[PDB]
Structures are given as structure tokens and as C-alpha cells.
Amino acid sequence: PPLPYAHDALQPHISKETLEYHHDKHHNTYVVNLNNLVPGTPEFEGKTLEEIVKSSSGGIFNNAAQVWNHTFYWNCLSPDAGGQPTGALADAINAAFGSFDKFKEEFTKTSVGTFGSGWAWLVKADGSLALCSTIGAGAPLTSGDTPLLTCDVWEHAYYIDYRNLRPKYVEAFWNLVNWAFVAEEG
């Protein structure tokens, strides 16, 4: 039942049509985890969203999963954005992937190539793993790991390209900042 957003608005090249339609795809609906849900019919009452995954129902009560995934997404982004360094996480990826061009050109067979909707992610169990999970009802926080970066590849995460749309993750999304917010290592 939150009201995320800030840092962005017009966020360079991913529009305000797409963004405050999409920021609302997440918080008009999704923030639906409550109505004839939490309080409403399927239970859980005292939870943190963080606490929804692991314990909770299924897909219907995994719209609550959508809220986390999205307000996560929104803090993983651009508008002052760029490419890794600033420490060990640099060095992490650089020996797991081995490189970053490599990292960015692998983290796609994550994203691009997953039949349907969901999100690709940068994850860490106790060292890094690039995890598929494209179903919506996929947050690697169900298991023994926690996400460094996400990307909604659900068809409305984008559209501003339409006949031929990969340049969405590429020629649209690698102007991702919060390499400072993705900086996570433990």
C-alpha cells in the first residue's frame, strides 16, 4: 500500500507516457494485494511484502510479489546512470562473469529470451548468479538469494519501439544508475 517513485520522472529514454502509466500498473493494481486479499479473503495480515514471498499463496497472492519487484525495479534505474566500478561488486562480477561486457551480454539470455512476462535479475546466494525467473510470480527472494538488479520484460515494461523491441534492454535500459543501489555484496 505504498506510493513509491522519485529520482526519475521523464528518466531520459523511456517516456513519461510509459512511466506514469507503468508506475501505476504497479500502484493502481498490484497494490491490490489488499482489497479482497490480505484483509479481504486470503489472509496473511501482518506482513512486509518482503514477507509475502516464501510463505504466500500463489500468483493471485503473488501480485504482492509485483509490488516488491516493481518498487525494486524503480530504484535500480537511470537518469544519471552507467556501468559498474566503485568497489568490489565490480571485482565480484569481474571473475564470476569474468568481465562486464560479458556480464551485460549474458544478462539478456536472462531477460530477452524468457518466453512471456517476468524479470531477469542479477542475484547473489553467497557469490553471484544470473537468474532467469520470467513469470511475474518470480522473485529469487523465495529462496536462498537476493537480487542485485531487475528488468521488467513484461510487454508493457516497454512498447516505445514495437516492431522489433530488444533495443529496449539495450538501446533503452543500459542507462541504469543505482549501481550504487545495486552495490550489495553480503
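Throughout, we count residues from 1 along the sequence that is shown.
Stretches compared: 19-27, 6-14. Higher mean C-alpha B-factor in the entry: 6-14. In the PDB entry, a CA B factor belonging to the lowest third of its chain's modelled residues is recorded for residue 118. In this PDB entry, the Cα temperature factor of residue 51 sits in the bottom third of its chain's modelled residues, the lowest group. Placement of the Cα temperature factor of residue 73 within the chain: lowest third of the modelled residues, per the deposited record. In this PDB entry, residue 133 carries a Cα temperature factor that places it within the highest third of its chain's modelled residues. Residue-level temperature factors show residue 168 in the lowest third of its chain, judged at the C-alpha atom.
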